[PDB]
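Student: model.pdb (PDB, C-alpha atoms and all ligand atoms) pasted underneath:
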ATOM      1  CA  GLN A   4     -47.670 174.758 273.810
ATOM      2  CA  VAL A   5     -50.447 172.275 273.001
ATOM      3  CA  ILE A   6     -50.129 168.847 274.568
ATOM      4  CA  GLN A   7     -51.073 166.222 272.010
ATOM      5  CA  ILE A   8     -52.768 163.236 273.614
ATOM      6  CA  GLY A   9     -54.022 160.835 270.981
ATOM      7  CA  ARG A  10     -55.597 163.029 268.323
ATOM      8  CA  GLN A  11     -56.687 165.697 270.931
ATOM      9  CA  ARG A  12     -54.862 168.979 271.685
ATOM     10  CA  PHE A  13     -54.753 169.807 275.413
ATOM     11  CA  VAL A  14     -53.234 172.743 277.288
ATOM     12  CA  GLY A  15     -51.819 173.386 280.743
ATOM     13  CA  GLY A  16     -50.978 176.705 282.408
ATOM     14  CA  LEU A  17     -54.404 178.260 282.886
ATOM     15  CA  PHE A  18     -54.907 180.768 285.660
ATOM     16  CA  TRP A  19     -57.597 179.507 287.999
ATOM     17  CA  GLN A  20     -60.073 181.789 289.647
ATOM     18  CA  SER A  21     -62.785 180.733 292.054
ATOM     19  CA  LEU A  22     -66.151 182.498 291.530
ATOM     20  CA  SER A  23     -68.404 184.006 294.171
ATOM     21  CA  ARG A  24     -71.507 181.934 293.195
ATOM     22  CA  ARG A  25     -73.575 185.037 293.960
ATOM     23  CA  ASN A  26     -74.273 186.395 290.470
ATOM     24  CA  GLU A  27     -74.608 184.875 287.005
ATOM     25  CA  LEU A  28     -71.503 182.693 286.948
ATOM     26  CA  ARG A  29     -70.652 183.319 283.319
ATOM     27  CA  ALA A  30     -71.044 187.138 283.580
ATOM     28  CA  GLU A  31     -68.926 187.206 286.749
ATOM     29  CA  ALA A  32     -66.204 185.135 285.026
ATOM     30  CA  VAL A  33     -66.233 187.523 282.064
ATOM     31  CA  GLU A  34     -65.883 190.590 284.273
ATOM     32  CA  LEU A  35     -63.004 189.042 286.164
ATOM     33  CA  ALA A  36     -61.224 188.130 282.896
ATOM     34  CA  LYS A  37     -61.512 191.779 281.921
ATOM     35  CA  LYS A  38     -59.951 192.922 285.262
ATOM     36  CA  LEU A  39     -57.247 190.234 285.238
ATOM     37  CA  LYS A  40     -56.603 190.805 281.510
ATOM     38  CA  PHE A  41     -57.383 187.458 279.959
ATOM     39  CA  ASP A  42     -59.111 186.900 276.583
ATOM     40  CA  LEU A  43     -59.772 183.118 276.832
ATOM     41  CA  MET A  44     -61.700 181.137 279.431
ATOM     42  CA  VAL A  45     -63.040 177.768 280.500
ATOM     43  CA  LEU A  46     -65.820 177.514 283.093
ATOM     44  CA  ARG A  47     -65.811 174.722 285.668
ATOM     45  CA  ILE A  48     -69.203 174.425 287.385
ATOM     46  CA  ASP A  49     -70.255 171.286 289.265
ATOM     47  CA  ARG A  50     -71.318 170.515 292.828
ATOM     48  CA  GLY A  51     -67.690 170.525 293.933
ATOM     49  CA  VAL A  52     -66.723 173.782 292.187
ATOM     50  CA  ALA A  53     -67.445 177.141 290.588
ATOM     51  CA  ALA A  54     -64.277 178.395 288.948
ATOM     52  CA  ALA A  55     -62.913 179.864 285.753
ATOM     53  CA  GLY A  56     -59.650 178.934 284.012
ATOM     54  CA  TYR A  57     -58.087 181.818 282.083
ATOM     55  CA  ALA A  58     -55.491 182.236 279.304
ATOM     56  CA  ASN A  59     -54.282 184.723 276.676
ATOM     57  CA  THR A  60     -53.965 184.279 272.938
ATOM     58  CA  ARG A  61     -50.652 186.136 273.159
ATOM     59  CA  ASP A  62     -49.175 183.310 275.262
ATOM     60  CA  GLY A  63     -49.978 180.758 272.549
ATOM     61  CA  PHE A  64     -53.425 179.695 273.767
ATOM     62  CA  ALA A  65     -56.369 179.454 271.390
ATOM     63  CA  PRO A  66     -60.089 178.771 271.341
ATOM     64  CA  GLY A  67     -60.818 175.046 271.162
ATOM     65  CA  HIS A  68     -57.697 174.024 273.119
ATOM     66  CA  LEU A  69     -58.871 171.569 275.783
ATOM     67  CA  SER A  70     -58.036 172.073 279.444
ATOM     68  CA  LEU A  71     -55.941 169.151 280.706
ATOM     69  CA  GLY A  72     -56.537 170.390 284.252
ATOM     70  CA  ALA A  73     -60.307 170.414 283.759
ATOM     71  CA  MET A  74     -60.072 166.793 282.571
ATOM     72  CA  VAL A  75     -57.753 165.543 285.323
ATOM     73  CA  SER A  76     -59.516 167.364 288.221
ATOM     74  CA  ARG A  77     -62.925 166.082 287.035
ATOM     75  CA  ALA A  78     -61.701 162.534 286.851
ATOM     76  CA  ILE A  79     -60.329 162.637 290.472
ATOM     77  CA  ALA A  80     -63.477 164.407 291.690
ATOM     78  CA  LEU A  81     -65.492 161.466 290.281
ATOM     79  CA  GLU A  82     -63.175 158.559 291.247
ATOM     80  CA  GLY A  83     -61.654 159.871 294.477
ATOM     81  CA  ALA A  84     -58.326 158.338 295.483
ATOM     82  CA  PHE A  85     -56.842 155.235 296.980
ATOM     83  CA  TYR A  86     -54.466 155.539 299.947
ATOM     84  CA  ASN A  87     -54.362 154.087 303.528
ATOM     85  CA  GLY A  88     -55.959 151.006 301.945
ATOM     86  CA  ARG A  89     -59.247 152.892 301.437
ATOM     87  CA  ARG A  90     -61.189 154.522 298.594
ATOM     88  CA  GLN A  91     -61.929 158.093 299.721
ATOM     89  CA  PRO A  92     -62.734 161.542 298.269
ATOM     90  CA  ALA A  93     -59.625 163.612 297.701
ATOM     91  CA  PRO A  94     -60.661 167.285 297.827
ATOM     92  CA  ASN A  95     -57.008 168.315 298.470
ATOM     93  CA  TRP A  96     -54.551 166.598 296.169
ATOM     94  CA  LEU A  97     -51.406 167.357 294.239
ATOM     95  CA  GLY A  98     -49.680 165.495 291.533
ATOM     96  CA  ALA A  99     -47.305 165.258 288.656
ATOM     97  CA  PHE A 100     -47.775 163.125 285.511
ATOM     98  CA  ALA A 101     -45.591 162.325 282.496
ATOM     99  CA  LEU A 102     -47.137 163.583 279.260
ATOM    100  CA  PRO A 103     -46.641 161.617 276.005
ATOM    101  CA  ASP A 104     -44.208 164.166 274.522
ATOM    102  CA  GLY A 105     -41.832 164.012 277.546
ATOM    103  CA  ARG A 106     -42.959 167.144 279.351
ATOM    104  CA  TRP A 107     -44.631 166.726 282.766
ATOM    105  CA  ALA A 108     -47.888 168.177 284.100
ATOM    106  CA  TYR A 109     -48.184 169.472 287.659
ATOM    107  CA  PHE A 110     -51.564 169.862 289.434
ATOM    108  CA  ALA A 111     -52.539 171.337 292.805
ATOM    109  CA  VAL A 112     -56.212 171.069 293.861
ATOM    110  CA  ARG A 113     -57.859 172.176 297.125
ATOM    111  CA  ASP A 114     -61.559 171.683 297.862
ATOM    112  CA  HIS A 115     -61.895 170.113 294.366
ATOM    113  CA  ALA A 116     -60.787 173.443 292.770
ATOM    114  CA  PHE A 117     -57.508 174.438 291.247
ATOM    115  CA  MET A 118     -55.158 176.647 293.121
ATOM    116  CA  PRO A 119     -54.516 179.807 291.088
ATOM    117  CA  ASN A 120     -51.293 178.432 289.545
ATOM    118  CA  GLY A 121     -52.087 174.769 290.315
ATOM    119  CA  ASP A 122     -52.098 173.784 286.593
ATOM    120  CA  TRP A 123     -48.670 173.774 285.066
ATOM    121  CA  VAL A 124     -46.682 172.074 282.302
ATOM    122  CA  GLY A 125     -42.914 171.968 281.781
ATOM    123  CA  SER A 126     -40.007 169.741 282.762
ATOM    124  CA  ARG A 127     -40.095 166.784 285.097
ATOM    125  CA  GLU A 128     -37.464 168.554 287.178
ATOM    126  CA  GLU A 129     -39.501 171.708 287.704
ATOM    127  CA  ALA A 130     -42.795 169.828 288.210
ATOM    128  CA  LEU A 131     -41.178 167.998 291.167
ATOM    129  CA  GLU A 132     -39.824 171.282 292.587
ATOM    130  CA  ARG A 133     -43.350 172.825 292.371
ATOM    131  CA  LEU A 134     -44.877 169.723 294.006
ATOM    132  CA  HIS A 135     -42.469 169.722 296.967
ATOM    133  CA  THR A 136     -42.867 173.471 297.468
ATOM    134  CA  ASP A 137     -46.678 173.261 297.651
ATOM    135  CA  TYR A 138     -46.405 170.050 299.669
ATOM    136  CA  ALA A 139     -44.632 171.918 302.448
ATOM    137  CA  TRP A 140     -47.783 173.928 303.278
ATOM    138  CA  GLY A 141     -49.525 170.741 304.492
ATOM    139  CA  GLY A 142     -53.254 169.910 304.483
ATOM    140  CA  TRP A 143     -52.884 167.524 301.531
ATOM    141  CA  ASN A 144     -54.909 164.273 301.487
ATOM    142  CA  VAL A 145     -52.737 162.463 298.961
ATOM    143  CA  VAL A 146     -50.128 162.853 296.224
ATOM    144  CA  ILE A 147     -51.384 161.331 292.955
ATOM    145  CA  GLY A 148     -49.052 160.799 290.050
ATOM    146  CA  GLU A 149     -46.434 159.044 288.009
ATOM    147  CA  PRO A 150     -45.672 155.685 289.710
ATOM    148  CA  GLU A 151     -41.969 156.632 290.181
ATOM    149  CA  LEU A 152     -42.980 159.283 292.737
ATOM    150  CA  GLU A 153     -43.378 156.489 295.331
ATOM    151  CA  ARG A 154     -39.626 156.914 295.772
ATOM    152  CA  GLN A 155     -40.232 160.476 297.042
ATOM    153  CA  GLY A 156     -41.702 159.037 300.249
ATOM    154  CA  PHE A 157     -44.785 161.189 300.597
ATOM    155  CA  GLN A 158     -47.005 159.968 303.443
ATOM    156  CA  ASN A 159     -49.954 159.263 301.126
ATOM    157  CA  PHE A 160     -49.316 158.426 297.492
ATOM    158  CA  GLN A 161     -51.432 156.874 294.771
ATOM    159  CA  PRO A 162     -49.659 155.830 291.594
ATOM    160  CA  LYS A 163     -51.614 156.888 288.544
ATOM    161  CA  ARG A 164     -50.750 157.439 284.881
ATOM    162  CA  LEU A 165     -52.579 160.027 282.765
ATOM    163  CA  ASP A 166     -53.992 157.260 280.520
ATOM    164  CA  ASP A 167     -55.883 155.846 283.508
ATOM    165  CA  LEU A 168     -57.797 159.130 284.034
ATOM    166  CA  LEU A 169     -58.835 160.159 280.474
ATOM    167  CA  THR A 178     -63.998 164.626 276.351
ATOM    168  CA  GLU A 179     -66.652 167.008 277.681
ATOM    169  CA  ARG A 180     -67.495 170.147 275.729
ATOM    170  CA  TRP A 181     -66.923 172.355 278.732
ATOM    171  CA  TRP A 182     -63.155 171.673 278.683
ATOM    172  CA  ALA A 183     -62.581 173.845 275.550
ATOM    173  CA  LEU A 184     -61.182 177.357 275.816
ATOM    174  CA  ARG A 185     -63.509 180.008 274.419
ATOM    175  CA  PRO A 186     -63.298 183.767 273.790
ATOM    176  CA  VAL A 187     -64.237 185.914 276.797
TER     177      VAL A 187
HETATM  178  K     K B 201     -59.137 181.931 293.255
HETATM  179  K     K B 202     -57.221 183.085 291.563
HETATM  180  K     K B 203     -55.519 173.199 281.930
HETATM  181  K     K B 204     -55.194 184.527 292.802
HETATM  182  K     K B 205     -52.634 184.853 291.894
HETATM  183  K     K B 206     -50.848 178.079 293.113
HETATM  184  K     K B 207     -52.575 174.409 302.685
END
Give the structure from the file, written as structure tokens.
Ligand SMILES: [K+]
Ligand SMILES: [K+]
Ligand SMILES: [K+]
Ligand SMILES: [K+]
Ligand SMILES: [K+]
Ligand SMILES: [K+]
Ligand SMILES: [K+]

Tutor:
Amino acid sequence: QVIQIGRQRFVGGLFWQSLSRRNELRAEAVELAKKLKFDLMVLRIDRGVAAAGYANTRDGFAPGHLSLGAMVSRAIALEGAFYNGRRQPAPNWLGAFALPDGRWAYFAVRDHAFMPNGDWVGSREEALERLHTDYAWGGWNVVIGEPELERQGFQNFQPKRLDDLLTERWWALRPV
């Protein structure tokens, strides 16, 4: 299900795979898509990360769909986060955001990379359940998300709406 944000079509629900950094990154990503059985990919390569985000046409994904996760994770990697009265990098963060159409997005990032299923879209209800479940593992710098999550009483929380974080060519899904 595309997520329409302004006149752009975004997607959640990619499967995130960290890459070895040892071989040609693109060729490694392709070979892993073949083993994991995915026909679409995005490639996230910056100083903080070498990772591929995968999807299948059969699940309703298509070339040209933009990765919402890629966009959000980039934006936090650049800005960092505000908590404890300080501006600091947030390599380990989790969050949930209202999308314009009423669905919610859930994100779980460690060392500036997505956890394998840390990019999810569905109901508010289930986004919160996913957030708490991952939260229990610990090692999280901050929860970043919809201002109403303050009432969850996480130790470190930064209110943030998706609008505040909003593209780059690399976000678009392409054939493997
Ligand atoms: K991985
Ligand atoms: K993975
Ligand atoms: K995504
Ligand atoms: K995995
Ligand atoms: K997995
Ligand atoms: K996960
Ligand atoms: K952990």

Student: Please identify all polymer residues within 10 Å of residue 70 of chain A, counting all atoms listed in the file, omitting same-chain residues fewer than 3 positions from it, and present them as a PyMOL selection string.

Tutor: chain A and resi 5-6+12-17+44-45+56+67+73-75+122+181-184

Student: List the residues matched by the PyMOL selection byres (((chain A and resi 28) around 10) and not hetatm) in the displayed structure as a PyMOL selection string, ordered by chain and then by residue number.

Tutor: chain A and resi 22-27+29-33+46-48+53-55

Student: Residues within 7 Å of ligand K 201 (chain B) (all atoms listed in the file), as a list in words?

Tutor: residues 19, 20, 21, 118 and 119 of chain A

Student: Mind dumping the selected residues with C-alpha atoms as a compact mmCIF listing (two decimals), in the frame of the given file?

Tutor:
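Printed below is selection.txt as written:
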# COMPACT_ATOMS: atom_id res chain seq x y z
CA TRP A 19 -57.60 179.51 288.00
CA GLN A 20 -60.07 181.79 289.65
CA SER A 21 -62.78 180.73 292.05
CA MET A 118 -55.16 176.65 293.12
CA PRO A 119 -54.52 179.81 291.09

Student: Please write the residues picked by the PyMOL selection byres (((chain A and resi 59) around 9) and not hetatm) on this file as a PyMOL selection string.

Tutor: chain A and resi 17+40-44+57-58+60-65

Student: Which one of A:123, A:187, A:179, A:165 sits closest to residue 34 of chain A if you count all atoms listed in the file?

Tutor: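 Among A:123, A:187, A:179, A:165, it is A:187 that comes nearest to residue 34 of chain A.
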
Student: Using all atoms listed in the file, find the one residue out of A:115, A:135, A:185, A:38 that sits nearest to residue 99 of chain A.

Tutor: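 Among the listed residues, the smallest separation from residue 99 of chain A belongs to A:135.
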
Student: Check which residues satisfy the PyMOL selection byres (((chain A and resi 152-156) around 12) and not hetatm) in the file shown, then give them as a list in words.

Tutor: residues 97, 98, 99, 100, 101, 127, 130, 131, 132, 134, 135, 138, 145, 146, 147, 148, 149, 150, 151, 157, 158, 159, 160, 161, 162, 163 and 164 of chain A

Student: Tell me, in Å to one decimal, how far atom CA of residue 110 of chain A is from atom CA of residue 144 of chain A.

Tutor: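 Here the two named atoms are 13.7 Å from each other.
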
Student: Draw an axis-aligned box tight on the listed atoms of segment 6-25 of chain A, then pad every side by 6 Å and write out centre and edge lengths in Å to one decimal as lines of an AutoDock Vina configuration file.

Tutor:
center_x = -61.9
center_y = 172.9
center_z = 281.2
size_x = 35.4
size_y = 36.2
size_z = 37.8

Student: In Å, rounded to a single decimal, give me how far atom CA of residue 76 of chain A is from atom CA of residue 95 of chain A.

Tutor: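 Going from atom CA of residue 95 of chain A over to atom CA of residue 76 of chain A, I get 10.6 Å.
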
Student: I'd like to know which of A:8, A:124, A:111, A:116 is closest to ligand K 206 (chain B), using only C-alpha atoms and all ligand atoms.

Tutor: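 Among A:8, A:124, A:111, A:116, it is A:111 that comes nearest to ligand K 206 (chain B).
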
Student: So, with all atoms listed in the file as the atoms that count, which of A:186, A:83, A:142, A:72 lies closest to residue 121 of chain A?

Tutor: A:72

Student: Considering only C-alpha atoms and all ligand atoms, state which residue in the set A:106, A:93, A:140, A:169 is at the smallest distance from ligand K 206 (chain B).

Tutor: A:140

Student: From the list A:108, A:35, A:84, A:102, which residue is nearest ligand K 204 (chain B) when using all atoms listed in the file?

Tutor: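 Ranked by minimum distance to ligand K 204 (chain B), first place goes to A:35.
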
Student: How far is it from atom CA of residue 168 of chain A to atom CA of residue 69 of chain A, in Å with one decimal?

Tutor: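 Separation between atom CA of residue 168 of chain A and atom CA of residue 69 of chain A: 15.0 Å.
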